[PDB]
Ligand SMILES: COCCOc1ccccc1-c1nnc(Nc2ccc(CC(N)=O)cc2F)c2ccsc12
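Only one chain is included here, represented as structure tokens and corresponding to the form deposited without this ligand.
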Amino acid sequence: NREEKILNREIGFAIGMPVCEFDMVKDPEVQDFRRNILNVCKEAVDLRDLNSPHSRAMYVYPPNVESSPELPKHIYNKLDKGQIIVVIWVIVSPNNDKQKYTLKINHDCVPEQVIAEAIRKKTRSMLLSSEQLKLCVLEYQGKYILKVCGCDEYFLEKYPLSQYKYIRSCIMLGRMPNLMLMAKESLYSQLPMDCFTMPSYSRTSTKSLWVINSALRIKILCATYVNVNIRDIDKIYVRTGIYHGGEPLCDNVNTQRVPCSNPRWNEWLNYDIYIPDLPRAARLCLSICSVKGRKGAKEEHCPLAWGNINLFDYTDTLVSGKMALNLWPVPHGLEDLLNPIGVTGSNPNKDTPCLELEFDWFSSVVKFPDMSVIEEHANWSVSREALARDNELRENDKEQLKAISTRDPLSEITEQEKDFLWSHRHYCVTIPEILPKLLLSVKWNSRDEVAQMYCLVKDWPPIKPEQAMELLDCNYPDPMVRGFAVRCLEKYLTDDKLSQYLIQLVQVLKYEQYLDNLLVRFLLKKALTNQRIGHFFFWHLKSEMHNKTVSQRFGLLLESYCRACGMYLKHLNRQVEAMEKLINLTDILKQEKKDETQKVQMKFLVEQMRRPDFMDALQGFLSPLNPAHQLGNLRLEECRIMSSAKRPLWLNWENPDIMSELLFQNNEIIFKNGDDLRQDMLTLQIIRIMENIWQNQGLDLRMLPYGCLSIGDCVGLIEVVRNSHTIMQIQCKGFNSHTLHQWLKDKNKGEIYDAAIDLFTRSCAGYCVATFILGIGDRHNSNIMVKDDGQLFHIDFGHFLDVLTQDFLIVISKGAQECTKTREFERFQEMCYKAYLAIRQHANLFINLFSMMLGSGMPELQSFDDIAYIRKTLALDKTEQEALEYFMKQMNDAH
């Protein structure tokens, strides 16, 4: 068909990988995933056509609302008697004139009641009685929608107006909302039909695992493509282990050593486990190792290549017969000989070290037992032997179980406690937050001990998403656990929180055993029913496509997404093209013209930016940082190479929106090629979570988690904060330690003075507690910035996990000379003390978020010691008073 071939290449352009290359893969799991995932695409497309045209606009322009309509009390007090002033704009088609209309309404009106008060005010002197304020008001509030002035963000749903993020921040930032009436038909007329078509690539005995009573053995035949130095390497062998999510189910078993010239073994390795006792997520982890002989020094075993296999395939079949596994290059850092956390499957580069294996064939297909059999074997032998009144808990015992629940992902559960948790597993359903710890108590190489945990999980009470995510990290491989976790996310995870957590959730996809699973079908369905989520879903996947360990998985997931995302694929292709130009341009500035004057680089830049193909690709597309922002014409006179390390580009676009003057008229984005911005995305994620934790508890410590998006390999975008300056720029205007204070006095004269100091004090207090916990390094005068209104914020988070200068406390003390002894300083301290204890209450959240990214390859997130720094700064090994004591110490150390 013709219309399928044009879509195949547009999907390929967006992914960067030809779709035909996916037709050439013969792995039945790959072709079954490609075919079976389309059920999520039809479910999503069907959802978009339910209440069309509204449901279709809901997909393209979903409500950008907070997780809850409830307002913190100090935010409601910012309102007048619970009401908000709102300016509503109407465009009068003759002259396209902008008529304004200022309203005052309850913060909890839904959009259509705000539309009502707008027309009652548009005709407020039009001689209309009560019998005429129902002919025009009742008809128009069904024909109009509210749009944010200056961007493509709409209020298409009956949420409380103040629950919309744009309105929530206007309430908190003291600004006034500017909205605009739009005819429903004006918006609906701009939504295509998105006719999703099913692609053309759609359309003997079995025995139980538990009857195959016999020990496990695996044959290691030979290895090809093993290129080593014959002059120094002595022998070669295959190291092997059976692992369940990074934990060994039995002792590792090497092969015999052979000369590095003849890598053949023809050996059956036997393992200390029984085949019925293999868990569902059982994995074979092997690697080829060299041995070098040294006089006086011990032999050194260096791994040469690694690989992991699933003992069961995606159809629950215990694997039998011969197979060839292509292995992977050794990660710089892996100091063991096996890589159990590495992805599973044969390296797609088939010209790499290849290991041939063989599994036993037990006369027929062997499959894992279904829940029916598991239940029967669980209810049976649950009390094979059976002091039943002693396992009854006492107040001391129950509490201990709760104390174990408070522990973070990195805590160690002693063997004493693991047998405690397991024996009292029938009580644990009363405290569902113990489930992560109770799951680690299982001896997963025991089908009886596992069949019973499957039974407690089948009817386990749901838990909060922040804890359900813990069960999705790589140390919980079992599909029953991960299905429970995903079910908890489907029921309790709002869209707002999903968006904030999407980085970790896409990252953890790479640890999943199989292509088709409940997490990927959850994430895909939400990406295909909410285009704002689908947009970042796309870029978190695309930006990782260069990693060969995941590029096949993410390439297939992107294929299914691009087939069903609708007309947005064209917009994404415009963003992909625009970014490739910037990637190819800044790569020249980093290779060829790297040592030339900025004069020479700019001339090359202006000249290249003036070519026809370039101006077409980089004008008239959506900002990857926020697709609600349209990037129109590129105002080249304001573009410049900056004076930072990687020579980032300062790019300036006109905002083509009609109301641009009410939000921002020029959109400025920093394109940076050279630094892993995933590392900065994670920091700004945390800073945003710390702000929400503080607001919901009464601390208006205003942070600035500015936008930041990784689009590829050490390439990405950074939102420019407007009306802000670094301390370098402030101090150079007039150095003295009172230049900062004097600069804010000039910018905040009169009544605004005390507001600027308060804003600077609350924002400064937020950033001292955050930068201390997170260990932000390299804190010099260009990394801290101040806004004209006094808001302080940091800006370079390329260093974390291993700062109160004088002229900061001068601003807090309102210019006093004994800054360490003023009362204004006493409030600064108590804000920090309260802010520290609020974060410490959520240590599990912030530790989980790092732990899930530990395998992502971030330069400064390489080991548990990096994460343990937060276990130290948060003082999780002490009491609250002893922890607040700790924080007080470095506060006194900080000048």
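Note that residue numbering begins at 1 and tracks the sequence as displayed.
What comes next is about the form solved in complex with this ligand, which is not displayed.
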Of the options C768, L502, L744, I119, which one has a non-hydrogen atom that comes within 4.5 Å of this ligand in the entry with it bound? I119
One residue of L133, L518, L456, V90 in contact with this ligand, assessed in the entry with it bound (non-hydrogen atom, 4.5 angstroms): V90
100-108, 372-380, 187-195, 257-265: which one contacts this ligand in the entry with it bound at 4.5 Å, heavy atom to heavy atom? 100-108
Although this ligand is absent from this view, report whether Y144 comes within 4.5 Å of it in the entry with it bound, heavy atoms only. yes
Proximity of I687 to this ligand in the entry with it bound, heavy atoms at 4.5 Å: no
At the 4.5 Å heavy atom threshold, is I236 in contact with this ligand in the entry with it bound? no
Answer with yes or no whether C819 is in contact with this ligand in the entry with it bound, where contact means some heavy atom within 4.5 Å. no
